[PDB]
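What follows is calculated from the coordinates using simple rules that are stated; it is not laboratory data. Every residue, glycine as well, gets a Cβ built from its backbone with ideal geometry; the counts of neighbours run over all protein chains shown.
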Amino acid sequence: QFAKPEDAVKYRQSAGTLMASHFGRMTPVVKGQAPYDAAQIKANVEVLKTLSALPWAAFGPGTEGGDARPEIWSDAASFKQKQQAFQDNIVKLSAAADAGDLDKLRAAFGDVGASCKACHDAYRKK
Ligand code: HEC
Ligand SMILES: O=N[O-]
């Protein structure tokens, strides 16, 4: 769906912006600094699940640019493992939110954040 590589770059950066907002806005809730409303969190995690599926199709071959490292394309299999594992971590967060279970939500939130960071450390330029 991208006329030039620059359009794929703009798309995946905007998806990252929205993912950071929908993930990070739950930090005060998992810390107990803001109240826990199970329905509010269930709906927010639904939005995060949709968004978290979107970046990967915008790293098609030849779309190099932005702060993407070249290791994404020459090692297709390792990059795919990382995005699939990340989306699995999001399934655990969705199961916790759907159950209304704050203990499971805290643990799943930490695992999701670690997965964001592990990919950025390997595949995003400093
Ligand atoms: C690989 C398997 C990734 C996972 C998991 C996550 N991110 Fe990511 N992110 C990734 C790359 C390769 C890039 C660079 C894109 C480019 O072409 O520049 C990014 C970028 C971001 C950004 C910055 C967007 C911008 O302003 O330019 C943000 C804010 C971001 N990513 C957030 C984010 C969050 C919150 C994640 C998990 C919840 C997450 N990313 C996972 C690769 C990967
Ligand atoms: O949102 N980072 O792929």
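Here are some notes:
- Here the Kirkwood formula, the inverse mean of 1/r across different C-alpha pairs, assigns region 59-126 a hydrodynamic radius of 13.2 Å.
- Taking a quarter of the surface of the Cα convex hull of the chain gives a mean projected area of 7.7 nm².
- Förster-model FRET efficiency, 22 Å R0, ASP37 and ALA107, C-beta, rounded to 0.05: 0.70
- Relative contact order computed over region 2-126 (Cα-Cα under 8 Å; 6+ residues apart), in percent: 31
- In terms of surrounding Cβ atoms within a 10 Å radius of their Cβ, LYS80, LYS125 rank from fewest to most as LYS125, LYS80.
- Set of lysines with alpha-carbon distance to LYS92 below 16 Å, sequence-local pairs under 8 removed: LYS42, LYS49, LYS82, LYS104
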